[PDB]
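Asker: Model the structure of this input:
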Amino acid sequence: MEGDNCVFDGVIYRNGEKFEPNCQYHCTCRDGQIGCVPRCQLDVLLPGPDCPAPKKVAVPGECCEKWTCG
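Answerer: Numbering: from 1, shown residues only. Have a look at this structure:
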């Protein structure tokens with residue numbers, strides 16, 4: 001219904017209210033339904049001549065994962 005609040009992970013969020021469940025996502029409650037957008041770059045990196053196995057890995061003191069060559 002229009003104007004409804006939302007429940008996410010045991011927390012009530014009001015209609016139109018915004019929150020961050022972690023540093024990687026931004027979420028909005030809209031009439032009882034939560035939608036979220038990523039804050040990181042969900043980009044793509046293909047195997048390269050010196051980087052046969054690109055892999056995204058957590059990095060100290062950074063929210064978003066970064067590309068490495070495994």
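Asker: measure the residue sitting furthest away from the middle of the chain to residue 40 for me?
Answerer: Note on the chain: the largest C-alpha distance from the chain mean falls to residue 49, namely 30.4 Å (C-alpha atoms, centre = their mean). Relative to residue 40, residue 49 is positioned 26 Å away (C-beta to C-beta, to the nearest Å). No exception for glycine: its C-beta is placed from N, CA and C like everyone else's.
Asker: How about residue 2?
Answerer: Taking C-beta to C-beta as the measure, residue 2 falls 32 Å from residue 40.
Asker: from the chain's centre, how far out does stretch 17-25 sit?
Answerer: Here stretch 17-25 is found 8 Å from its chain centre; the criterion is C-alpha atoms, centre = their mean, to the nearest Å.
Asker: Report how far apart the opening and closing residues of that stretch are.
Answerer: End-to-end distance of stretch 17-25 (C-alpha to C-alpha, to the nearest Å): 14 Å.
Asker: any idea where the helices of this structure begin and end?
Answerer: Here the chain has no helices by DSSP state H.
Asker: ok, back up a step: looking only at neighbour counts, state which of residue 2 and residue 40 leads.
Answerer: residue 40 (14 against 7; other C-beta atoms under 10 Å).
Asker: quick one, what contacts the residue nearest to that one when sequence neighbours are not counted?
Answerer: The shortest distance from residue 40 to any non-neighbouring residue, by C-beta to C-beta, 6 or more residues apart in numbering, is to residue 64 (3.7 Å). Shown in contact with residue 64 (C-beta atoms under 8 Å, 6 or more residues apart in numbering): 24, 39, 40, 41.
Asker: ok, so of those, who is nearest residue 30?
Answerer: Closest approach to residue 30 among the contacts of residue 64 (C-beta to C-beta): residue 39, at 18.5 Å.
Asker: Let me see the contact set for the closest one.
Answerer: With C-beta under 8 Å, 6+ apart, residue 39 has these contacts: 23, 24, 25, 26, 63, 64.
Asker: mind giving me the domain split of the chain?
Answerer: 6-38, 41-70 (automatic domain parsing).
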